[PDB]
């Protein structure tokens, strides 16, 4: 069964690590950083890894129920028991780091917590409320592997012990934001388990190619970005196809359909990430209609043309 890529321009792709369209291609040496995201992870033959699931709306979202105020915190802080972001119960026994779609980076994540009561007020139906909220993945009480997280709100009174959804919007602040720093999915207890492995180039002169989205920031200065190894569409595609990988590397070419010419080439590794022959930190300048084309199976030590 032949391996394929979907035919998509970068304006038609979705970030697999934060709910946002892809804004640009991006590359970096990432010298003293371990690139090990848990969302957006899928082998070329369709094996999901880490905390990766299929629905873009579930990425960095939470669903569950607020059960109490955080102990010894009389204001602004809520204990939220979480399920899988698709309402299904969460089994901590499974070899995953967290409920699928849980954020895979340290940050104060800004969004909205919304509640629909699970009972009716007479003929009117259930009551509702929604407020600005923060999920600090840096908190010791961020323990999604154990089924609970801390949620902070500016509202201190209008929150009930009721079914709750967290819709992510962006970052609250730049402080403690590191997109390559994995959260302690079990807080101060044990360590992280079920992880997708770190990815890195193994051939000299190569760097990882990222699909980058710039995400909102509630205050302060900065231009925070989320890089993913694979767009969500490729993950959904590989999962459907499950095409066997003939080698460890698929040779892909970025093609301009207007001129028909190849602009650059990259190595799509079996583990689900791209390397290119390029040095430096910055965007890859590309035309609007360009797309990736799968051309050949090659070896781990294939030499790419420098770009």
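Residue numbers count along the first chain shown, from 1.
For the pair 191 to 199 and 132 to 140, the mean B factor over Cα atoms is greater in 191 to 199. The mean C-alpha temperature factor is higher for 242 to 250 when 242 to 250 and 265 to 273 are set side by side.
The top Cα temperature factor in the record, among 85, 170, 126, 163, falls on 85.
Out of 233, 72, 104, 227, the entry records its largest CA B-factor for 72.
Per the deposited record, the Cα B-factor of residue 108 falls in the middle third when ranked against the other modelled residues of its chain. Annotation for residue 100: C-alpha temperature factor in the middle third relative to the rest of the modelled chain, per the entry. Among all modelled residues in its chain, residue 149 ranks in the middle third by Cα B-factor. Ranked by C-alpha B-factor against the other modelled residues of its chain, residue 210 falls in the lowest third.
In the PDB entry, residue 10 places in the middle third of its chain by CA B-factor.
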